[PDB]
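What follows is one structure encoded as structure tokens, with my remarks underneath.
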Amino acid sequence: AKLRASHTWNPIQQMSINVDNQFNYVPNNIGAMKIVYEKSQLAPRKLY
Amino acid sequence: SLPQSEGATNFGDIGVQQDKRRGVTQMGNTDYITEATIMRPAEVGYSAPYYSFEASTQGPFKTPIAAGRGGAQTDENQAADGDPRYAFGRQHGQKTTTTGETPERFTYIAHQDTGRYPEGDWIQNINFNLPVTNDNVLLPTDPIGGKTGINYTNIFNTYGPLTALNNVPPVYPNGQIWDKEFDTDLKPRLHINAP
Amino acid sequence: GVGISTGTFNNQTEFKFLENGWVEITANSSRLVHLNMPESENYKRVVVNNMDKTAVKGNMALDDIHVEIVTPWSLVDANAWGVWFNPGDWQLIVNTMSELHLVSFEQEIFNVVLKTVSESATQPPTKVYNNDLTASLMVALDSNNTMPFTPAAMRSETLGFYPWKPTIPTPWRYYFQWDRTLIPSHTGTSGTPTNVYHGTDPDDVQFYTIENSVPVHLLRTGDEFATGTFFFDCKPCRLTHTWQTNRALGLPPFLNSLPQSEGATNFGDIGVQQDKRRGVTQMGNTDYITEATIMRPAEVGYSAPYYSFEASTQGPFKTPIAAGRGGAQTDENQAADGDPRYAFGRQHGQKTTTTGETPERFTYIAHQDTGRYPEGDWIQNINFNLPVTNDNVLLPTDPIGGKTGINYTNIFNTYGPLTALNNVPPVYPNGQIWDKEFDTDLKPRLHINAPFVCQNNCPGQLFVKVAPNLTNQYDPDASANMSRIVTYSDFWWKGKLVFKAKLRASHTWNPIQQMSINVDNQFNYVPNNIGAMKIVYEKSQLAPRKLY
Amino acid sequence: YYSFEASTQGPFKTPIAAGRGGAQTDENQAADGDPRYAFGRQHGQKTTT
Amino acid sequence: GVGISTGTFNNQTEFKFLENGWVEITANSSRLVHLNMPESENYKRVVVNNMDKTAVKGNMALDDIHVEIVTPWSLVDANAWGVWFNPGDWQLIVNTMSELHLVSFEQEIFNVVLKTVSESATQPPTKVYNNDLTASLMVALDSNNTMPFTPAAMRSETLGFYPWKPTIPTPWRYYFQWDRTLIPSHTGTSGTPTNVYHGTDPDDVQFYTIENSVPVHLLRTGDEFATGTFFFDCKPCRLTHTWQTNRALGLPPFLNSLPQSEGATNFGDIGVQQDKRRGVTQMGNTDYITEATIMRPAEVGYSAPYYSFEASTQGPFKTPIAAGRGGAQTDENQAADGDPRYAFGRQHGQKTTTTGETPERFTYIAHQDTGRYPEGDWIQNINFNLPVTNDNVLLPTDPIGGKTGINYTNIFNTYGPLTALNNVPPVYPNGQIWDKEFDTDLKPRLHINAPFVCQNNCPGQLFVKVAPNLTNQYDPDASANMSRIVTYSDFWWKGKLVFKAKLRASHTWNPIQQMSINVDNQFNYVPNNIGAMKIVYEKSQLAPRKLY
Amino acid sequence: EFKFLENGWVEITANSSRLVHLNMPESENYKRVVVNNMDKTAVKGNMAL
């Protein structure tokens, strides 16, 4: 793949860890694991 | 004309009439140039039947759709622009330390906007002569075939040689990667299960 | 610097014949552009509501709500035909060439002049114009096509079509993601339907800035600027029209009987029965072989919904159509096969010496015949069993959905992998030339606004602005508005557009339809006693071409 | 099916690129467009007809 | 000379990926600067007394008495982040790079314009602006860093953060040795305490002059000036934060017992006694091995006095602190670990379309965790013998010196040869970039105002002034004041700042904290209907990094 | 593994070494099974089932 350059002024929508996410990405006291679904295409692109 | 101060209610007005505006339209009747009227180079995405459960020699089967979004947030047609649905368990998502045998899923909703709100369309007369009159416009609310629940939206297929499209994004994890291709002389432009 | 000239003027149309009937046309349009000082030196973000036309519960195609961001930058568009050729050149192309290949394009700006206005409040008062020889012009080029694409032909915000007439660039502006909902509603639909502008999806927020994203050139009088040569990538444009339907394809029947004398009423009869005729049909029921029944290799053009006003996340919008004709003369469906409509004024057609502010237009009606008369179709039973019975045939007249005005024609989409098609011919002057292409994995087969779409590469947008001229007082720590010296600048623009085409040979016996000067045309192509000029629209593709 | 369209030359049926689509002798002869062929003496058919 | 242009405009951010994950960033900021005529063409020496706030016997941190010498010379500072990057570029750096290396810096000035103002006292009266094409600008460069160093970021006297917005240099000024005495005093301290300004120590008298100590360039319209390329010498800047204290270091205990089901209340218990646990401690008294007791390799950050307002020969001044965080969210000591405070206005953040004259600010709170909660410490006996008894433990609550408000925390300094530390992250925009270094044999480990300190060599200060334009009357044998022609000049400034960084790879499983656009952010990064712009502050180091 | 090349091109290589378990097939013979659920497709409402 290729890398993204910025062309706008306004930041682009990125992926992060909220106070709501945290424990969706870590085992637990017993070892309860799981993988959530997450949007792929999250970055503007001018069509025309 | 532009606002001279702040407020989410200070709109900049063009300052000209709809039937005296310069530009191009794809109509030979009117003189009304609107954001809905004006001629655009083409059409983004298409509009196809929903829940067009076809059938052949093997039995009935739903009609696929290559859609994005098409409405205000949590304001979508989950089936109009075809939003995938994924059911896995224990070994492909889902809380490892679960109980019983019931899959978990999510209705992946992309970010692209090619989808549609089939609840804000209409088919009216070549006469235009608006404000359009009942007998002169077929709306979403108006039944087709005499039955209620049905529409023309439900039976509608606007796919022209002018339809612009974007392929189905990756749906991770779950989602598929690569998928063989049909051995038919003519082949699908894009697959719905894999990028 | 300031004495001396920087360029030359050339608005000449050169035709250079090569070998094997190929000509190399090079149109030059050197127009003198004028430009004023941008009111705001700040970028804006304006929302347009016209929620007082979209309430009348009848008005839904009149939705003028969008979101634009204004740029102090003034653009310059020359993507038009009228700006290149004149009614006398077009005749040459159109009557004698058979195909056109768009080639090169290069812009050049010279003899920059910047003058300041001194308002001598004395009696009248009076105005004193001077030259700020140290002033500047801010020229910029989006050579890496980074910004949106705003073809200023759409809204006749092009450049003057009369060279000896000074013109004006268009204030730049582009779209900003605006989210809306609006449900239809006739004059009767009870209650208040639904229509609102939530705002903007934080995902689709692209805020462009020319200062940030492109190299800016300051030119003073002594300076000059030149784009270099850009080569386009585009399939050729045909200067021919197809007049063949589905009834004018293949081996016609053999007429066992022919007239034995003259009269427009002496028809040659085949001499055989419909249910005993040899040949091929795409039916397994009948034995009737008709000109309507017989199997043709494919289908010319398609049949789509009319006035299929769709809608998405931005709001309702009409469904485009790639149509030709499809009926007897002055016997057409102006909207069924999609006939363009053009509104310009004073500077792009229209009688120069006009009054008031009302655009003039024309509904360009091609010569190709791929269009349709949706008023002569029908959907009947698989049983056929004609003469077809009511309950066994859905006609145009027969309503659908219970409402009158509606049809199945209105809701109909016959577009099969068998649909044959011809692109949208040039609409001169007015009409557009070339148009960028959608960045969608899947792309439209053809565009409705322009014959040439450049795929991999297009020439970039030329944004022309005036540099802020400041006074002795300026506090960047003051909102006010950088009260500046009332400055404007006049500069000469030149253009070289290159086209390469082929010549038409005769193959028929009957002359072909050419362009001429009637006793009705004459004064449509000449100034008048006062100097009233104007450019009429004229059909491009007027020459037969056999489809099959 | 039986989308008999029309243009400037007159009405004409809408072609279809179909295969089968049903149990044997259980088809829509016109839905998936099944060709029909009429010849005589010199391109099939019993010579001594 | 005067026709022709001297430079070009470029405010572009270029990223060029090299090999092995190294990028070479080059930020260009070409701003158009305006500058007025210095009121005095003479150097001044002004003393500032505010001995009316320092008398209230409560007010001691409000001592605004210093000594400065004013220079007719107007400076130009670009030592800021906001002046280089935009909120959209910063995202790229910060979300995807792991370290930053400041490289090159070169300034360029072009398209010099000098205009005279003619005040035509007639009715209004009216103002007539003209061009004195023979006028001059006095550009100077302290390439041999000979003069003091006045980073104009400290007091938001930088350059505009919006390129399409014309800015203004800062009138130059520097310190002159001022001698003072001032003794503290609460609201009660009886009598008149002590506070005076003796003057100046004849030893420490440095009277600089730009005319005397640096080569001056006169540029006319036709001229141009360019600094060449200066290379900096600086350790790299990390774009990561440490979240490890002293309790998150090493091999945790072994849990002999683990929960057998879910619940945020099912804790895994070790299963052994505190006075029978194996391991190492830094105590020879106890047998208690705890997470607080156990011997750690060293100590992260330090603990110093808060609000340790010291003082010397120039007057009292607060004690700096190199801190991170040190508490639950919105559970911090804003002053204990030293959290910066930034006040700007209109031209360096803040809503462009504001009113009145009141700065806006933010208290930048990093992500690193080296800071402290001085509200959870204690000093107890060598006897230990807990549960500790009052007379055997000095806590935060327990006053020191008999006064309430005071602590031992307030007077405490735990900085040992075992103190681990992380430098002050970038604070964008506002924040400073690079800062000279003290000329003291012994030097500070790190600066509190800037991530990059250039040791051996820094780029020199650019001092920009207007040349005296004289009238027909001038007697150098007259004090008056060389009544001169009201002249000002507008010139374009360009900048090329070079940064070289590396890219971040993932090593965890859990996503890392990135920068994004919420439904709450959106309109913080876009102009508005009127063109109200503004730049918000945003955390730099937001990505874990293992300390040990 | 992510390996940055020239001109902003990366070459990603994902490796997934999983330990698979597998039991003995019940039948060592090939089958041909038909599935009828003609008890959900009778309710005259259920057709997508």
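Residue numbering for chain E follows Swiss-Prot; the residues present correspond to positions 180-727, in that order.
Yeah, the Cβs are placed from backbone N, Cα and C, and that goes for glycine too.
As recorded in Swiss-Prot:
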BINDING   E:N323  Mg(2+) binding site
DISULFID  E:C633-E:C637  disulfide bond
Tertiary neighbours of E:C633 (disulfide bond) (same chain, Cβ under 8 Å, six or more apart): E:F411, E:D412, E:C413, E:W613, E:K615, E:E616
Inter-residue Cα distance where the pair is E:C637 (disulfide bond) and E:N323 (Mg(2+) binding site), in Å: 9
Long-range Cβ environment of E:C637 (disulfide bond), under 8 Å and at least 6 residues apart: E:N324, E:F409, E:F411, E:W613, E:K615
E:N323 (Mg(2+) binding site): tally of other CB atoms within 10 A of its CB: 10
Assigned conformation of E:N323 (Mg(2+) binding site) - DSSP reduced to three states: coil
